[PDB]
Structure formats: structure tokens, C-alpha cells
S.K.: 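One structure, as C-alpha cells, below. Some questions next.
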2 protein chains.
Amino acid sequence: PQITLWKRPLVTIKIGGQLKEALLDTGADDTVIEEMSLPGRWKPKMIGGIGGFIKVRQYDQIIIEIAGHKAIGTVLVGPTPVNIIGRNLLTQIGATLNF
Amino acid sequence: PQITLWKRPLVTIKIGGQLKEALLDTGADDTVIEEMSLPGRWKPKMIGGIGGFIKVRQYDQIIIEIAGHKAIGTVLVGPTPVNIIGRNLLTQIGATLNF
Ligand SMILES: CC(C)(C)NC(=O)[C@@H]1CN(Cc2cccnc2)CCN1C[C@@H](O)C[C@@H](Cc1ccccc1)C(=O)N[C@H]1c2ccccc2C[C@H]1O
Ligand SMILES: [Cl-]
Ligand SMILES: [Cl-]
């Protein structure tokens, strides 16, 4: 689809068997989801936002369906105020910014 | 252009006669620039992201060029970690996300 930017570009995702709303975020290097369980091993990470850093758990090789499009990649889980689809997964669904 | 997301979507902007690097950020509601001088009066604003909030100075009706495209709109100034072009100006220049 073509998504305009008049409002936040929120879409439905499926991750870990769960449906969530998430933001398509070209400024985000990484994908960051609110607290949930994911399978496999994880390691801690600190990631930096405009207001400082938060501690997250990093899970690799996680499948996500983003507005109907499947992708696999690293997903960070922690106390993010909104669920964020970052560039590591936007690339996989073929998302571009156009003007 | 059509900008892919394999790398950060950094572009050159022009504000106050000077060239700066800035991030095209669909996840940002507003545009916020590192400390610089802008004309006129400012209003207070708090902006929140990952990690919490920062206090910024809001300047309205500022002339700004984004990757060659002319805009006139609200620019926030404050201790942002990187210069960010958000949706208020991305809409002005006609930007969309496409996949
Ligand atoms: C991986 C992670 C998510 C941590 N990345 C970011 O937060 C980066 C940080 N850099 C910076 C960085 C920090 C440390 C190291 N390298 C880089 C600047 C750009 N952000 C990306 C932003 O798009 C993230 C959004 C998230 C958000 C959206 C809505 C509500 C809450 C949080 C963001 O912070 N957006 C906010 C935002 C942004 C600008 C202006 C106004 C507003 C309000 C709000 O829309
Ligand atoms: Cl990845
Ligand atoms: Cl591509």
C-alpha cells in the first residue's frame, strides 16, 4: 500500500502468535516491542531514544507478519511506549520512503 | 526520490542558510534540530520518545529545505541526539511510505 503521514503510520502485526499495533518507523534502526514472551535465547541490549536509553532483551530470528507481509529478524523486547517496526524489518517487506 | 532503508535515511537540509544532516523519520510526530539560532519568539514543548522526554523550543513558520524540497513549518530546537525531520514536514514535502 501507499501510507500517508497525516497521522502516525500504525499497522497490525502478528508476532509470537499475538496481534499488536505497531509504528512503521524509518528513524528506528531496530524493532522494539512491548513486554511479551518470545522463544529462544536472548541477550541484553541498551538502546537510545530521544529521551535516553532503555534496557531490552534481544531475540534473533523472529518471524513477524507486518500488514500482511512476512519478515524475519531481530526483535527487541522492553519498556517501549509504542511498538516500533524499525529498518531491520522494513527493508524485508520492501518499504521505501517516496517523495 | 525513492529511499530504501538498508542505511539510515539521512539527507541534507538547509536551515538558517546552513547545511545540516538530518534523519527522515516516519516515527517522529515533529521535527527537532540540535541547538542553533532561529528568529522570533518560541513556545515551550515537551517531546517524548524511547527513554522519556526532552524540553525543546518551538519555532513556527521557519523556512527549511529538505533534500532540495522547500518547506515552511514548525521546527523544534533542543537536545535531540540527532536532527530529525518528522511528519509535520514530511507531509509538506509529499512523502509517503510504500510497500
Ligand atoms: C531503536 C529506537 C526506537 C530506540 N530508536 C529511536 O528511538 C530513534 C532514536 N534517534 C536518536 C538517537 C538516540 C541515541 C543514539 N543514536 C540516535 C532518533 C529517532 N528515534 C526513532 C524515533 O522514530 C522513535 C519514536 C518512537 C515513539 C513514537 C511515538 C511515541 C513514542 C515514541 C520517537 O521517539 N518519536 C517521538 C519524536 C521524535 C522527534 C520529535 C517528536 C517526537 C514525538 C514522538 O513521535
Ligand atoms: Cl535483523
Ligand atoms: Cl530493496
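By convention in this document, chain letters (A, B, ...) are assigned in the order of the sequence lines, proteins followed by strands, and residues within each chain are numbered from 1. What's counted below: heavy atoms across the whole structure, side chains too, no hydrogens, waters or symmetry copies. Counting starts at 1 for both ligands and their atoms, in listed order.
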S.K.: Crowded around B:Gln61 CD? As in, over 12 foreign heavy atoms under 6.0 Å?
M.R.: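 Open: at most 12 neighbouring heavy atoms sit under 6.0 Å from CD of B:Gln61.
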
S.K.: Any atoms of ligand 1 less than 4.0 Å from a non-hydrogen atom of A:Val82? List them with their elements.
M.R.: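 Answer, ordered by atom number: 27 (C), 28 (C), 29 (C), 30 (C).
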
S.K.: Does CD1 in B:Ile3 sit with more than 12 non-hydrogen atoms of other residues, nucleotides or ligands closer than 6.0 Å?
M.R.: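 Atom CD1 in B:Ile3 is crowded, with more than 12 foreign heavy atoms closer than 6.0 Å.
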
S.K.: Taking all heavy atoms of A:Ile66 and all of A:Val11, pick out the closest pair and write down the distance.
M.R.: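 Of all heavy-atom pairs spanning A:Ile66 and A:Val11, the closest is CG2-CG2, 4.1 Å.
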
S.K.: Is any side-chain heavy atom of A:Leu90 less than 4.5 Å from a side-chain heavy atom of A:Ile85?
M.R.: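 With C-beta onward as the side chain, the pair touches.
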
S.K.: Could you please spell out the steps behind the salt bridge (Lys or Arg N to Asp or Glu O under 4.0 Å) verdict for A:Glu34 and A:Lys20?
M.R.: CA-CA 9 Å; A:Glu34 67 204 344; A:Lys20 293 180 170 305; 2.8 Å; yes

S.K.: Could you tell me if any non-hydrogen atom of B:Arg87 lies under 4.0 Å from any atom of ligand 1?
M.R.: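 Not so, B:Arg87 does not reach ligand 1.
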
S.K.: Give a yes/no verdict on whether any heavy atom in B:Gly48 is under 4.0 Å from an atom of ligand 1.
M.R.: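 Yes, that is the case, since the closest heavy atom of the residue is under 4.0 Å from the ligand.
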
S.K.: Out of B:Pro81, B:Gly27, A:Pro81, indicate the one that has the non-hydrogen atom closest to atom 25 (C) of ligand 1.
M.R.: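 Among B:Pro81, B:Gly27, A:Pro81, the closest heavy atom to atom 25 (C) of ligand 1 belongs to B:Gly27.
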
S.K.: Look at atom 3 (C) of ligand 1 and find which of A:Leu10, B:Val32, A:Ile84, B:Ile85 reaches it with the closest heavy atom.
M.R.: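 The option holding the nearest heavy atom is A:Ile84.
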
S.K.: Mark up the atoms of ligand 1 that fall under 4.0 Å of a heavy atom belonging to A:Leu23, in ascending order.
M.R.: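 Close to A:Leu23: 28 (C).
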
S.K.: Out of A:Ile54, B:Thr31, B:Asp30, who is nearest to atom 40 (C) of ligand 1 when you count heavy atoms only?
M.R.: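 Selected option, by shortest heavy-atom distance: B:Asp30.
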
S.K.: Nearest non-hydrogen contact with atom 29 (C) of ligand 1 belongs to which option: A:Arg8, B:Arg8, A:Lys45, B:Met46?
M.R.: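 Checking each option, the heavy atom nearest atom 29 (C) of ligand 1 is found in A:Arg8.
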
S.K.: Nearest protein heavy-atom contact for atom 39 (C) of ligand 1: which residue, which atom, what distance?
M.R.: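 Nearest protein contact, heavy atoms only, for atom 39 (C) of ligand 1 is B:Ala28 CB, 3.6 Å.
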
S.K.: What residue and heavy atom of the protein are closest to atom 45 (O) of ligand 1, and at what distance?
M.R.: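 Residue, atom and distance for the closest contact: B:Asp29 N, 3.0 Å.
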
S.K.: Which side-chain N or O atoms in residues 69-79 of chain A pair as donor and acceptor under 3.5 Å with protein atoms at least two apart or in another chain?
M.R.:
residue	atom	partner	partner atom	Å
A:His69	ND1	A:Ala67	O	3.4
A:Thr74	OG1	A:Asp60	OD1	2.7

S.K.: Write down the atom of B:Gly49, the atom of A:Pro81, and the distance for their closest heavy-atom approach.
M.R.: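 Minimum heavy-atom separation between B:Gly49 and A:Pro81: O-CG, 4.0 Å.
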
S.K.: For B:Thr12 and B:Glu21, what are the C-alpha separation, side-chain angles and deciding distance, and is it a side-chain hydrogen bond (donor to acceptor under 3.5 Å, both in side chains)?
M.R.: CA-CA 5 Å; B:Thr12 305; B:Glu21 191 175 73; over 6 Å; no

S.K.: Out of B:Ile50, B:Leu76, A:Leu76, who gets a non-hydrogen atom closest to atom 26 (C) of ligand 1?
M.R.: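 Minimum heavy-atom distance to atom 26 (C) of ligand 1 goes to B:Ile50.
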
S.K.: Short list, please: which atoms of ligand 1 are under 4.0 Å from a heavy atom of B:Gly49?
M.R.: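 The atoms of ligand 1 under 4.0 Å from a heavy atom of B:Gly49 are 32 (C), 34 (O).
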
S.K.: What residue and atom, counting heavy atoms only, is the protein's closest point to atom 24 (C) of ligand 1, and at what distance?
M.R.: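 Minimum-distance protein heavy atom for atom 24 (C) of ligand 1 reads A:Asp25 OD2, 3.2 Å.
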
S.K.: More than 12 heavy atoms of other residues, nucleotides or ligands under 6.0 Å from NZ of B:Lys14: yes or no?
M.R.: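 Open: at most 12 neighbouring heavy atoms sit under 6.0 Å from NZ of B:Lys14.
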
